[PDB]
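1. experimental coordinates follow, after the sequence.
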Amino acid sequence: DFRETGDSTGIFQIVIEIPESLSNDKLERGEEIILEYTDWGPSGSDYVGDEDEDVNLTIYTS
Amino acid sequence: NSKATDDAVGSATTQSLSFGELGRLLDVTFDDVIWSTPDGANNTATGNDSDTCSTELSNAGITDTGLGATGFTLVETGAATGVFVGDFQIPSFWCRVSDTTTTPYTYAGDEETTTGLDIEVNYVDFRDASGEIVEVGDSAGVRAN
């Protein structure tokens, strides 16, 4: 799972292998993939809980 | 055969935790699958013919049925060198693990050649430079002529 890149960085890294078949269904070439993280406690929120903001990343199979 | 750390370098005593299995320190895989001997209760699959994978290997004269059967050990080079070395010999055939989520593992019904498959070793450091748990590895290719 996620781990910091040093004692005081606030930056977390993970190494993921692109799957062949997630749920016995194989990925296609050029397939749209979305990565979604829900930051419970955005700039908007006053306490952790409360509002949420979604941050997205899009990646492609070649 | 009653523990999740079978045919791996580690301890029979074990527990299931977030990072993985606590009794596992090193193992060897062909095509990203644990290299294990077909033994236990879930080795009854015969495959295409009526011969189980365990007797299927025996007819080929193979005694290196898995990592546990080669006598592989990690031995420290010196008394306090901190470098560990082990060795073994690549077999002609091996028996693939069908399902790793059961104990004992469920083995396929037919032996497969090792040629054209990658070989990998995986080491789990309980304590990295930060004192946390990480896994590292190396890979290589088995070839034929």
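-> Received, thanks. Numbering: from 1, shown residues only, chains lettered A, B, ... in the order given.

2. now do the contacts for the residue most central in space within chain B.
-> Note on chain B: the residue nearest the mean C-alpha position is residue B:35, at 3.3 Å, using C-alpha atoms, centre = their mean. Neighbour list for residue B:35: B:7, B:27, B:28, B:29, B:66, B:67, B:94 [criterion: C-beta atoms under 8 Å, 6 or more residues apart in numbering or on different chains]. Every residue, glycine included, has its C-beta placed from N, CA and C.

3. how about 7 Å then?
-> B:7, B:28, B:29, B:66, B:67, B:94 (C-beta atoms under 7 Å, 6 or more residues apart in numbering or on different chains).

4. over to residue B:24?
-> B:5, B:8, B:10, B:124.

5. can you pull the contacts of the residue in chain A positioned nearest to chain B?
-> Nearest residue of chain A to chain B (C-beta to the nearest C-beta) works out as residue A:3 at 6.6 Å. Residues near residue A:3 by C-beta under 7 Å, 6+ apart: A:12, A:13, B:132.

6. of these, which is the most crowded?
-> residue B:132 (12 neighbours; other C-beta atoms under 10 Å in any protein chain shown).

7. pretty sure residue B:125 contacts residue B:134?
-> Yes - applying C-beta atoms under 7 Å as the test, residue B:125 and residue B:134 come out as touching, 5.3 Å apart.

8. which residues in chain B form helices?
-> Per DSSP state H, chain B carries helices over the ranges B:53-58.

9. just the closest residue of it to chain A, please.
-> residue B:132 (6.6 Å).

10. so what does the spatially closest residue to residue B:84 that is not a sequence neighbour have for phi and psi?
-> Of all residues not flanking residue B:84 in the chain, residue B:74 sits nearest, at 4.1 Å (C-beta to C-beta, 6 or more residues apart in numbering or on different chains). Here is the backbone geometry of residue B:74 (degrees, to the nearest 10): phi -90, psi 120.

11. how close does residue B:74 get to residue B:26?
-> Using C-beta to C-beta, to the nearest Å, residue B:74 is found at 7 Å from residue B:26.

12. ok, those two, which is more surrounded?
-> Just comparing residue B:74 and residue B:26: by other C-beta under 10 Å the higher neighbour count belongs to residue B:26, 17 against 12.

13. ok, and the closest non-adjacent residue to residue B:18?
-> Nearest one to residue B:18, counting by C-beta to C-beta, 6+ apart, is residue A:1 at 7.3 Å.

14. same question but for residue B:135, I mixed them up
-> Per C-beta to C-beta, 6+ apart, closest to residue B:135 is residue B:124, 4.9 Å.

15. I'd assumed residue B:22 was in contact with the one you found.
-> No - at 9.6 Å, residue B:124 does not count as touching residue B:22 under the criterion of C-beta under 7 Å.

16. understood, closing this out.
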